[PDB]
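Peer 1: Quick one: structure below, then a few questions.
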Amino acid sequence: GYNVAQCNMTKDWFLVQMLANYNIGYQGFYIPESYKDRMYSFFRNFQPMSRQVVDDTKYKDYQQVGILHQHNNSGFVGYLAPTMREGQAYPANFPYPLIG
Amino acid sequence: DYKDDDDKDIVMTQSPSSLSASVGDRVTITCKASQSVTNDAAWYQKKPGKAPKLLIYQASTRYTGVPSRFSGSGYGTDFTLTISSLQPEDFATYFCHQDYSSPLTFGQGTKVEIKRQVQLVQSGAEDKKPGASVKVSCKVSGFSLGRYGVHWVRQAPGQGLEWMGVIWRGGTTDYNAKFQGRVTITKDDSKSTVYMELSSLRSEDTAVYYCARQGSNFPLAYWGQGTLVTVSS
Amino acid sequence: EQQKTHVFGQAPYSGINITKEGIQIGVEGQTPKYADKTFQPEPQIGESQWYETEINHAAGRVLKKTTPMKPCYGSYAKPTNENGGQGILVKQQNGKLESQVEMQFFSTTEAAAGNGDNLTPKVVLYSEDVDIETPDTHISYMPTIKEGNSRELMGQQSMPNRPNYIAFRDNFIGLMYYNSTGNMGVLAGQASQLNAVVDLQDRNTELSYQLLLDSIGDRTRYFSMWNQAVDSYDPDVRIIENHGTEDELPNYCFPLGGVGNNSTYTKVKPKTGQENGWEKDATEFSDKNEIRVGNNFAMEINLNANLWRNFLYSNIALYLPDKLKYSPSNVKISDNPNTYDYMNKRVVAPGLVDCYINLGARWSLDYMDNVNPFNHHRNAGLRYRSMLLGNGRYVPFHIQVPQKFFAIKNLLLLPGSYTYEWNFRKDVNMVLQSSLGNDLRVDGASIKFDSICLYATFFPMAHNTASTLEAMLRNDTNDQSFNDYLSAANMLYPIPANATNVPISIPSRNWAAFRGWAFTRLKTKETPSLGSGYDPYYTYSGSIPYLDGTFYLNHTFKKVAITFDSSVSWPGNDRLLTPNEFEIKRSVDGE
Amino acid sequence: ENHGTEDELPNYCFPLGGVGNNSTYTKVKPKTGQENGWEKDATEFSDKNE
Amino acid sequence: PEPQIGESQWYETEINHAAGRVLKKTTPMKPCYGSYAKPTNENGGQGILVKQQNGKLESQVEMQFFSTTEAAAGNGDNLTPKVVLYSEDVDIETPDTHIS
Amino acid sequence: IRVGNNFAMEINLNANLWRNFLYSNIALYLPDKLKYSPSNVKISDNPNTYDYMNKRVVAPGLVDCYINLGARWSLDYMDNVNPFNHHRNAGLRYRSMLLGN
């Protein structure tokens, strides 16, 4: 339980950066003042992120299907080039559902 | 209701079993299939010591350079072989055949007795003890292996013709179910040779072994010189 | 009975030949090579040119007659192998998996006209049964209820499933038990059992933090750690400003070759001494030159009308009241309307929210005035908080929760040891929030807490200086004093159906230190039960106005009358034109 | 930030003429004494009706 | 038949008895973009009513039966309409568009 | 069975939308001297009426996709044309919608 703010930045470094940039640490965390948070300042540009991706450790059905045979949207678009439509209509094979 | 299974055994029954003749006789031979072969009966002539020769295909057509005294007729189950007026080369043993299914099948051979350019060369003869393995070669020239599939048939002394298998032009093999996976055919395209390897030998497998090749869309017309394989205890 | 198998096919791939071994797609020197049925021919591969080519060896793939007909849109079949094939494998007796892909050979109608002698299929289709399903779409028109595949069942039309977001709320609202007596928090001395925390149902801890943050700083800047990405709504969805389409010029779709509908021409050359003399030319030049007389062939589309219609139906229309909808035919729907299944499949006609609605006016839709607008898929804050957790349903998370209670949070705490205990809620309709406000319990959402760890940040003061400040902060005159930002006792009064007049009254008491009154109207549906703990008859999981401040029925008040004791008016002394009553609104004033 | 797009309503493109391809019809008029009797109408009306 | 209620099936399906509406020649030409015609009844119809002898307004819609040139090429015994069109004068106007 | 690729038509969406924008917000507000009167459609005798202003036809080739392509530059005929007399004037648009439709 040493990470912070819903990412893989640590509590220690986050406190340190807030103290260096804006002096917020010791009296609690809140959004910085605008005239102090400008273009080259931390919080102004600080962007955390997350996403979910398919498992292969406890996921038993798993097959790695390459780009060479992916056909989501078959016969509506060129094959691995920005060229004109190629193929027929058919069911979609990729990606697996991460919701539902 | 009444359907016959494509890709199943068809018993080809040839009557009369034996026949007796003298020069100038009109001879009639009949062939009865046990499930329909439509317009696809083929008739062969075989000398007891030599390979089969194609007479008739598609119920009535003569193969290139077959003599005019031969003719065929019939449809469905029933087919006929007529010698308009028999000559002295006609003393032979004749075979019914159909290419309407896989396994391909022949009869038991009927016997006509007296009233008293492409090359396929196979490997030399040999013999062996039961359970042992054999490999026969069949060198081909006058065609390339990728343009047509190559067949393997065998003839036992006393018996008829046993279709063993085939390796088609592209390399898809298909074997006779009677051999329980003992047949295995391979080929070298560059050396223009087909190999036939048979495994788990029996005394039943004491026979002459033939390389064959068919036309465009009709039967076997090019045959090897035969390979004798014998197995005794 | 005698029923005939009809195929609807498409063969895009041109190969070299067609034998019983399949379509030939190549050569291995001397030997010809044929398509592997497990994944080849492949759906995405076809002609690489625009102009018209005869093809005498063609192939493609097709779904079996044991495979349910589904609309192509939204169709998915999981891959059965690592070569991207979809068609199902069956586990045989010997233990091996075996392929079900079957070849179907076809000829042209003219070729089937003959006797068969020179017959060779011109087409071959690789037929397979794939485990089709529809994840993210449903049926907008189901023509028939008849079992198995059929041409009537090819008439089926699709529509995508509505977006549904589920997340943790702004500032983790309601995770903590604030304002309930038995589930009261605890702060106490280790040298004396007596709790510092005094809590009741009158208090509204959440709302005081919300309005306090607003007073302090901008809420349109989103900060992850506290989940302080506020709820909001798109103004152009709340308020329609209907200016009409920017479609002034004609917009066009054209052929692949930009010409089309061509005719055949044979060239002619002049005889140079005659006024109209001419001679045919079929020598170096073709006698069948294709030329399209007049303009190229064309189609028209109006971009802005389609875009404006799509915007309106997606963002407003599917969110209309249930009295303006209907249930789809030959398609079933949940009896409980708090399900996602009912919101998703209910049909509203496009003619209620088309081009001309409110045209030339700036006007919210009347059916939408009494609809809460925060509960919408374009709410940037809920979408942002849903993306903090991720795209997936399954989420191992870590979250940092603040103490929001006014007395505790501005406190400075001196040496000693202390009991600090709190209570947390696990009910999904409170801790999670959903876009349509669906009952999450029934719809199967679940949260299971692993661990919890209390962090505190210290100042590492020098010991002489800390001693000096401690000596001073321990004196009698120097106790700490705090007060709420809301500083009010909160009260909720029930309003029956169509009750226009709401009188309330308070028994006689003292009115020194009174700051004034403030008031709104909420919905019974949208309001948790005070001191309930858990309420299984609270079925709504949208925005919670009592806590998060999203009041919207302010407009539904007409006038207010304030009366102290029997006839003592306030403010009174003839201060307003109506002196005894504050009139908020009036239908057509003339005065 | 992949949030998908509105796709709720199908969008369509049509011929310049709206209608598209048509076939030729002759008019007919009913025989009044019958329940189902018809007679060609080639009076003031064209024989090549779209 | 109301003019907006059309085919239930997308694919190539012959229609043995088909029906629609058409404007009579007494009404002038106007483009489809910008066309507006007010209801002459509460049923939704745009068909002009003409005042009868006994003073009542009455609809003058006229049916036009048609069949294909190949069917009118035969003797006349099998001749029967595949189509019936409802011809009408309607009260067209264009108010927010002009002719360019 | 259809052999080869599916039937199709092609459209370039952004060029049409851009081309529509160029004609709507600029070409229609051009100086009246760059326009012409339509052939076979009557127009007002008075040039200060909505009938005269609604019917004078400006060629789209006057503000087409390629003009100033790669520049930030205002149209030269429009440098002396009032930009607030415009249907995108949100203020005038709002003041009207305070009265209604």
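Labels used: A, B, ... for chains in the order of the structure tokens, numbers from 1 for residues in each chain, and numbers from 1 for ligands as shown.
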If you run DSSP on the backbone here, which positions in chain F get strand (DSSP E or B)? Please write them as an NGL selection string.

Peer 2: :F and (2-3 or 10 or 36 or 57)

Peer 1: What would the file look like if the residues just selected were written as an mmCIF file, in the first residue's frame with N, CA and C atoms?

Peer 2:
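Result file follows (again-v6.cif):
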data_model
loop_
_atom_site.group_PDB
_atom_site.id
_atom_site.type_symbol
_atom_site.label_atom_id
_atom_site.label_comp_id
_atom_site.auth_asym_id
_atom_site.auth_seq_id
_atom_site.Cartn_x
_atom_site.Cartn_y
_atom_site.Cartn_z
ATOM 1 N N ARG F 2 -22.197 -13.884 -55.164
ATOM 2 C CA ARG F 2 -21.519 -12.801 -55.825
ATOM 3 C C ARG F 2 -20.012 -13.087 -55.827
ATOM 4 N N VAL F 3 -19.340 -12.814 -56.954
ATOM 5 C CA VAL F 3 -17.928 -13.214 -57.062
ATOM 6 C C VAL F 3 -17.058 -11.956 -57.117
ATOM 7 N N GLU F 10 -17.972 5.407 -53.030
ATOM 8 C CA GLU F 10 -16.887 6.010 -52.257
ATOM 9 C C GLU F 10 -17.235 7.413 -51.993
ATOM 10 N N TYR F 36 -24.263 37.026 -59.387
ATOM 11 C CA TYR F 36 -25.098 37.176 -60.572
ATOM 12 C C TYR F 36 -26.613 36.839 -60.201
ATOM 13 N N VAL F 57 -26.993 35.058 -56.630
ATOM 14 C CA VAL F 57 -26.236 33.784 -56.648
ATOM 15 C C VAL F 57 -24.721 34.061 -56.780
#

Peer 1: For residue 524 of chain C, work out the shell of residues within 12 Å, counting only C-alpha atoms and skipping chain neighbours fewer than 2 positions away, then give it as a compact mmCIF listing (two decimals) with C-alpha atoms, in the first residue's frame.

Peer 2:
# COMPACT_ATOMS: atom_id res chain seq x y z
CA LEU C 492 -36.96 16.35 4.88
CA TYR C 493 -40.83 16.61 4.59
CA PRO C 494 -42.95 14.14 2.45
CA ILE C 495 -45.16 15.52 -0.46
CA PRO C 496 -48.02 13.16 -1.61
CA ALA C 497 -49.07 12.77 -5.33
CA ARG C 521 -37.53 19.78 -3.43
CA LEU C 522 -36.13 16.36 -3.93
CA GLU C 526 -33.46 9.68 -5.32
CA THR C 527 -33.16 9.99 -1.49
CA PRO C 528 -31.60 7.28 0.81
CA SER C 529 -33.45 6.59 4.05
CA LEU C 530 -31.95 8.57 7.04
CA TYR C 537 -36.23 -0.98 -0.85
CA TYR C 538 -33.85 1.85 -2.17
CA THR C 539 -33.53 0.87 -5.81
CA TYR C 540 -31.89 4.07 -7.38
CA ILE C 544 -27.78 11.82 -4.77
CA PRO C 545 -28.93 15.55 -4.41
CA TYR C 546 -29.21 15.44 -0.62

Peer 1: Please return as a PyMOL selection string: the residues of chain F that backbone DSSP assigns to helix (DSSP H, G or I).

Peer 2: chain F and resi 13-25+27-29+32-34+50-55+60-63+90-99

Peer 1: Determine the nearest neighbour of residue 49 of chain A from the options A:96, A:9, A:89, A:15, counting only C-alpha atoms.

Peer 2: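 Checking each candidate against residue 49 of chain A, we get A:9 as the closest.
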
Peer 1: Write out as a PyMOL selection string each polymer residue whose atoms come within 9 Å of residue 25 of chain D, counting only C-alpha atoms; drop sequence neighbours fewer than 6 positions from it.

Peer 2: (chain D and resi 47-50) or (chain E and resi 66-70+72)

Peer 1: Can you spit out the residues from that selection as a compact mmCIF listing (two decimals), in the first residue's frame, using N, CA and C atoms?

Peer 2:
# COMPACT_ATOMS: atom_id res chain seq x y z
N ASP D 47 -48.79 5.29 -72.91
CA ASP D 47 -48.60 3.84 -72.85
C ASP D 47 -47.23 3.56 -72.20
N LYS D 48 -46.35 4.59 -72.03
CA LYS D 48 -45.09 4.45 -71.38
C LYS D 48 -44.97 5.13 -69.95
N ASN D 49 -45.79 4.68 -68.99
CA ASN D 49 -45.89 5.24 -67.64
C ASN D 49 -44.84 4.62 -66.66
N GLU D 50 -44.04 5.51 -66.01
CA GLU D 50 -43.05 5.21 -65.11
C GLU D 50 -43.56 4.86 -63.68
N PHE E 66 -52.80 0.15 -62.68
CA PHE E 66 -51.76 -0.06 -63.68
C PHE E 66 -51.26 -1.58 -63.64
N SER E 67 -50.82 -2.05 -64.81
CA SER E 67 -50.06 -3.22 -64.86
C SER E 67 -48.99 -3.04 -65.90
N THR E 68 -47.91 -3.88 -65.91
CA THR E 68 -46.74 -3.87 -66.76
C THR E 68 -47.00 -4.00 -68.24
N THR E 69 -46.11 -3.45 -69.09
CA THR E 69 -46.28 -3.50 -70.55
C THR E 69 -46.38 -5.03 -71.08
N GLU E 70 -45.54 -5.95 -70.49
CA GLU E 70 -45.66 -7.34 -70.84
C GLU E 70 -47.07 -7.92 -70.57
N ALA E 72 -49.99 -6.12 -70.39
CA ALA E 72 -50.92 -5.45 -71.34
C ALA E 72 -50.60 -5.93 -72.80

Peer 1: Should the cut-off be 12 Å, what would the residue list for chain F against chain D look like, counting only C-alpha atoms, as number ranges by chain?

Peer 2: F: 8-11

Peer 1: Please write the residues from the selection above to a file, keeping N, CA, C and O atoms, as a compact mmCIF listing (two decimals), in the first residue's frame.

Peer 2:
# COMPACT_ATOMS: atom_id res chain seq x y z
N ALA F 8 -20.17 -1.09 -54.07
CA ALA F 8 -19.81 0.03 -53.24
C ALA F 8 -19.76 1.29 -54.04
O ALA F 8 -19.40 1.34 -55.21
N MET F 9 -19.95 2.35 -53.30
CA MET F 9 -19.63 3.69 -53.68
C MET F 9 -18.74 4.30 -52.60
O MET F 9 -18.66 3.81 -51.46
N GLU F 10 -17.97 5.41 -53.03
CA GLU F 10 -16.89 6.01 -52.26
C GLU F 10 -17.24 7.41 -51.99
O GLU F 10 -17.81 8.06 -52.81
N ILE F 11 -16.90 8.01 -50.87
CA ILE F 11 -17.16 9.40 -50.59
C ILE F 11 -15.99 9.90 -49.70
O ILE F 11 -15.43 9.22 -48.83

Peer 1: Contacts between chain B and chain C, please, where a residue of chain C counts if it comes within 7 Å (with only C-alpha atoms); show its shortest atom pair and distance in Å to one decimal, rows by chain and ascending number, as a Markdown table.

Peer 2:
| residue | atom | partner | partner_atom | distance |
| --- | --- | --- | --- | --- |
| C:30 | CA | B:146 | CA | 5.3 |
| C:31 | CA | B:146 | CA | 4.0 |
| C:32 | CA | B:170 | CA | 5.3 |
| C:33 | CA | B:170 | CA | 6.3 |

Peer 1: Hey, can you check how far atom CA of residue 550 of chain C sits from atom CA of residue 523 of chain C?

Peer 2: 11.5 Å

Peer 1: Could you check how far atom CA of residue 382 of chain C sits from atom CA of residue 165 of chain C, in Å to one decimal?

Peer 2: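 Here the two named atoms are 7.4 Å from each other.
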
Peer 1: Need to verify the contact set: segment 60-62 of chain E, 10 Å, only C-alpha atoms, exclusion of same-chain residues closer than 3 positions in sequence. Can you return it as a PyMOL selection string?

Peer 2: chain E and resi 21-24+47-51+57+65+85-90

Peer 1: Return the neighbours of chain A among the residues of chain F, cut-off 9 Å, counting only C-alpha atoms, as a compact mmCIF listing (two decimals) with N, CA, C and O atoms, in the first residue's frame.

Peer 2:
# COMPACT_ATOMS: atom_id res chain seq x y z
N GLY F 4 -16.07 -11.93 -56.27
CA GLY F 4 -15.25 -10.76 -56.01
C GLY F 4 -15.68 -9.92 -54.87
O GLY F 4 -16.44 -10.39 -54.01
N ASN F 5 -15.20 -8.69 -54.83
CA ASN F 5 -15.52 -7.77 -53.79
C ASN F 5 -17.01 -7.28 -53.77
O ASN F 5 -17.70 -7.32 -54.77
N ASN F 6 -17.61 -6.80 -52.60
CA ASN F 6 -19.01 -6.28 -52.48
C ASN F 6 -19.18 -5.04 -53.24
O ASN F 6 -18.28 -4.23 -53.40
N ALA F 8 -20.17 -1.09 -54.07
CA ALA F 8 -19.81 0.03 -53.24
C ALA F 8 -19.76 1.29 -54.04
O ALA F 8 -19.40 1.34 -55.21

Peer 1: Near residue 97 of chain E, within 12 Å and counting only C-alpha atoms, which residues show up once chain neighbours fewer than 5 positions away are dropped, as a list in words?

Peer 2: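 Residues meeting the cut-off are residues 248 of chain C; 30, 31, 32, 33, 34, 35 and 36 of chain E; 51, 54 and 55 of chain F.
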
Peer 1: What's around residue 2 of chain E at 10 Å? Count only C-alpha atoms, leave out sequence neighbours fewer than 2 positions away in its own chain, and write the answer as a list in words.

Peer 2: residues 4, 5, 6, 19, 20, 21, 44 and 45 of chain E

Peer 1: Between atom CA of residue 160 of chain B and atom CA of residue 128 of chain B, what is the spacing in Å?

Peer 2: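 Distance between the two atoms: 22.4 Å.
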